[PDB]
Amino acid sequence: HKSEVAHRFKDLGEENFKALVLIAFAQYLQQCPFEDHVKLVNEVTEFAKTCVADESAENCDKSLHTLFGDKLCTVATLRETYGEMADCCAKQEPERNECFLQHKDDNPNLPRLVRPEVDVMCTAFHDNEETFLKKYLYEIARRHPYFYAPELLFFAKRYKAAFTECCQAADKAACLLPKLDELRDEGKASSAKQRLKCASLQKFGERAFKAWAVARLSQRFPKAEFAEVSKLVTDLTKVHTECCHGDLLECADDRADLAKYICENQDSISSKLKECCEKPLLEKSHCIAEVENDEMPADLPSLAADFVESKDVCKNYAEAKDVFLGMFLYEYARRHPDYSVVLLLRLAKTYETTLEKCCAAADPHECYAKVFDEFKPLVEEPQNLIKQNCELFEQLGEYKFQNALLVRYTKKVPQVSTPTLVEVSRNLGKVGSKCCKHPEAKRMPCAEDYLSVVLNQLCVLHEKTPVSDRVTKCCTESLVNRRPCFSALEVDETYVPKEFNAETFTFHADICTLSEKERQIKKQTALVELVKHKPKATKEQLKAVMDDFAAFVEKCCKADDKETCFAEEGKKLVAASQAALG
Ligand SMILES: CCCCCCCCCCCCCC(=O)O
Ligand SMILES: CCCCCCCCCCCCCC(=O)O
Ligand SMILES: CCCCCCCCCCCCCC(=O)O
Ligand SMILES: [Ru+3]
Ligand SMILES: [Ru+3]
């Protein structure tokens with residue numbers, strides 16, 4: 001186009017343009033106040049209207065990176081608050097924009113965004129609605145810089161739907177709090193999911209990411225031919241390559257072009273895209289990525305007719321090992337939408353290792369005749385782990401299930417810090433809360449997706465604090481081996497039990513008057529130090545104690561005398577559990 005700003009101002013809208021421009025300058029100017037960005041956003045949008053009224057006005061034909069970088073150097077505090085980033089303004093445009101992406105700080109040093117009371121949020125949301133959503137959007141963007149700016153706009157529109165519906169209701173906290181926590185746990189999961197694909201691209205190479213894209217696209221698009229899925233995997237690998245680079249316009253255009261090809265080839269990809277392709281350009285890439293798995297033709301035959309019993313299997317493989325193996329991922333994923341994508345890569349590696357061993361023998365057909373028999377143990381292993389834990393989640397509650405995990409995983413790796421073991425077991429319990437509530441045809445894709453972000457969060461906290469060698473080995477291993485590595489952990493026999501500290505196992509009358517979240521944290525934090533003090537404690541002993549602690553809380557909180565009860569009964573509970581866990 002003759003003017004980049006005029007075009008993007010048209011096919012996005014003025015309300016969407018000012019929002020993205022705010023997120024743009026918030027991720028680069030993470031130290032300027034909110035009033036400065038509003039000054040810049042209003043100066044940019046007023047300039048954008050000049051190019052809409054005339055495509056040949058002052059500096060309208062310039063590039064967006066030039067207009068973005070020109071505004072980036074207008075700030076006077078650029079030399080003081082960022083300093084080194086101000087040096088980028090002395091380079092040419094193809095390097096200046098590259099200079100700005102490097103000096104972007106991933107993890108700044110800002111306070112946490114404290115969630116205030118519902119009354120003060122519904123008053124600010126009602127008094128001045130626009131600046132309320134923009135300020136908090138400016139606070140999320142300045143703390144998550146590499147977050148995809150358009151996708152961050154999709155969450156802000158969801159928050160707006162939570163206030164308009166709940167801030168005029170009965171107990172607004174009953175309407176809003178289960179929604180803000182939903183949007184937080186989902187928003188933090190999206191921030192960690194896209195950050196994981198960048199690590200998996202530079203650690204496992206370009207080939208490993210393509211195998212993952214082959215298995216998920218063919219799973220999502222079973223009616224698509226292998227040539228069409230292979231074409232999409234190449235474009236998909238290019239998108240996440242340049243989106244992880246840090247550039248917004250470079251990543252926004254690649255995703256927009258990919259969505260246009262998918263919408264122009266719905267007859268050879270999927271039939272579920274009618275609704276997604278109706279949406280405008282901003283929502284195309286987001287809708288398509290979350291489209292439901294299409295139905296398989298159901299008339300598909302077995303895989304032994306082309307990969308086992310057929311002739312020239314070693315010939316079709318040796319001619320192109322990556323093309324032949326990718327078909328095995330294609331032909332197996334679209335016939336198993338219930339398998340996790342990581343599980344399908346585990347089967348293809350089994351098929352890959354078998355062909356490299358059988359085709360080097362005298363009689364190949366007799367060798368790999370049992371290649372499909374090796375898949376059943378690898379497939380039953382995650383299915384049985386889903387069955388064991390979901391049945392445990394059916395008996396116990398969600399809270400009682402978290403404690404079962406908190407005891408099981410503390411005895412395996414007792415060296416991990418207590419606050420880490422708590423947040424892990426509670427986030428891990430949230431996985432079974434919604435994945436076990438799905439049928440068996442969706443349990444493994446659910447568990448794979450949430451375990452991927454929870455296990456990676458564990459490895460992030462363990463990377464900045466080396467604690468256990470067994471945890472480091474599982475965090476360093478491959479993608480198909482990461483989750484089985486954690487499931488293969490056993491009880492640490494070399495662990496010396498931690499010395500007793502009475503201050504930890506002392507409880508005061510404040511737990512009678514804490515929120516349900518704070519109460520569950522303290523009951524579980526004390527359960528970790530209880531196991532770390534006596535790791536060889538059997539479960540029947542822990543059925544007690546925890547029941548003696550249940551009566552200890554009901555005896556002190558309900559009595560007319562508090563604080564004093566925690567001193568008398570607190571000594572009885574501790575000392576009785578001393579001889580109970582002998
Ligand atoms: C002057 C700052 C400009 C910041 C970027 C404004 C235009 C963003 C366009 C985003 C298009 C998204 C396409 C897509 O993901 O489907
Ligand atoms: C042109 C399409 C190429 C698709 C290549 C897929 C190859 C998958 C082989 C199995 C990979 C298992 C993971 C690994 O070996 O690290
Ligand atoms: C030897 C120290 C004894 C006192 C500490 C015991 C800690 C028990 C924690 C119980 C947590 C679960 C409570 C519940 O079921 O709601
Ligand atoms: Ru965050
Ligand atoms: Ru993606």
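Its PDB record attributes the structure to X-ray crystallography, giving the resolution as 3.200 Å.

The name given to the protein in the PDB entry is Serum albumin, and the organism recorded there is Homo sapiens. Looking at the header, the entry is titled "X-ray structure of HSA-Myr-KP1019". The record held by UniProt for the protein lists under Sequence similarities the comment "Belongs to the ALB/AFP/VDB family."

Peer 1: Would you mind going over the state of the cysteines in detail, with residue names and values included?
Peer 2: Summed over all chains, the structure comprises 17 disulfides. Each sulfur in the disulfide pair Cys 122 and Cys 167 lies 2.0 Å from the other. For the disulfide bridge between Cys 122 and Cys 167, the dihedral angle about the S-S bond is near -75 degrees, and by the sign convention the bridge is left-handed. In this pair, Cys 122 sits in helix α7 (residues 118–127) while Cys 167 sits in the loop between α9 (149–166) and α10 (172–203), placing the two residues 45 residues apart along the sequence. Residues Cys 122 and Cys 167 agree in their burial class; the two are buried. Between the sulfur of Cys 474 and that of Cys 485 lies a disulfide, 2.0 Å long from S to S.

Peer 1: Any chance you could break down the pattern of salt bridges for me, citing the residues and the numbers?
Peer 2: For the structure shown, the criterion picks out 36 salt bridges. The partner of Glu 186 in a salt bridge is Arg 158, and the shortest N-O contact between them spans 3.0 Å. Note that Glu 186 is positioned in helix α10 and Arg 158 in helix α9, a separation of 28 residues in sequence. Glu 186 gets classed as partly exposed once you look at its relative accessible area, which sits at 32%.

Peer 1: Tell me about the domain arrangement of the protein, and please be specific about residues and values.
Peer 2: Domain boundaries assigned for the protein yield domain 1 (1–105), domain 2 (106–195), domain 3 (203–294), domain 4 (295–380), domain 5 (381–492) and domain 6 (493–570). Each of domain 2 and domain 4 has a C-alpha centre, and these two points are 46 Å apart.

Peer 1: Could you give me a rundown of helix α8 (residues 129–143), with the residues and numbers involved?
Peer 2: Between its first and last C-alpha atoms α8 spans 22 Å; for 15 residues at 1.5 Å apiece the expected length is 21 Å, and the two agree. Buried within α8 are the following residues: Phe 132, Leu 133, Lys 134, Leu 137, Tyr 138, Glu 139, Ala 141, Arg 142 and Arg 143. Residues of α8 that are buried sit in contact with α2 (14–28), α3 (34–53), α7 and α9.

Peer 1: Quick one: what's the story with the UniProt feature "binding site: Ca(2+) 1" in the protein, residue by residue and with numbers?
Peer 2: In the numbering used here, UniProt assigns the feature "binding site: Ca(2+) 1" to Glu 4, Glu 242, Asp 247 and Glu 250. In this structure, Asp 247 sits in the loop between α12 (226–243) and α13 (248–264). Beyond its immediate chain neighbours, meaning those up to four positions away, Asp 247 contacts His 65, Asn 97, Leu 101 and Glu 242. A distance of 3.5 Å separates a polar atom in the side chain of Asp 247 from the backbone nitrogen of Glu 250. For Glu 250, the location among the structural elements is in helix α13. Residue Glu 250 is classed as partly exposed on the basis of its relative accessible area of 26%. With residues near it in sequence (within four places) discarded, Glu 250 still touches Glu 242 and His 245.

Peer 1: Before we move on, can you summarise the site of ligand 1 with the specific residues and values?
Peer 2: Near ligand 1, the surroundings consist of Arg 8, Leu 12, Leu 20, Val 21, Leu 64, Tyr 148, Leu 249, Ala 252, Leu 281, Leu 282 and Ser 285. Between ligand 1 and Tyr 148, the relevant distance is 2.7 Å, taken from an oxygen atom to a side-chain nitrogen or oxygen of the residue. Contacts to ligand 1 include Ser 285, whose side-chain N or O atom sits 2.9 Å from an oxygen atom. When isolated, ligand 1 has an accessible area of 490 Å², and the protein chains bury 97% of it. Elements that contribute at least two residues to the shell around ligand 1 include exactly α2, α13 and α15 (281–289). The element that contributes the greatest number of residues to the shell around ligand 1 is α15, accounting for 3 residues. Taken together, the residues of the shell around ligand 1 sort by class into 9 nonpolar, 1 polar and 1 charged.

About the criteria used
Residues numbered from 1 in each chain as written, not as in the entry; some residues may be left out. Chains lettered and ligands numbered in written order. Heavy atoms only, no water. Residues with missing side-chain atoms left out of burial classes, pairs and counts. UniProt positions renumbered as here; feature names shortened; annotations may be inferred. Disulfide = S-S within 2.5 Å. Helix = DSSP H or I, 4+ residues; strand = E, 2+ residues; numbered from the N terminus. Buried < 20%, exposed > 50% of the residue type's maximum accessible area, 1.4 Å probe, protein only. Salt bridge = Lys/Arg side-chain N within 4 Å of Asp/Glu carboxyl O. Domains from an automatic or database assignment. Expected span 1.5 Å × (residues − 1). Contact = heavy atoms within 4.5 Å. Polar contact = N/O pair within 3.5 Å; in protein donor to acceptor, adjacent residues only side chain to side chain. Near = heavy atom within 4 Å. Areas by Shrake-Rupley, 256 points an atom, 1.4 Å probe, with all protein chains shown as cover. Nonpolar A, V, L, I, M, F, W, Y, C, P; charged D, E, K, R; others polar.

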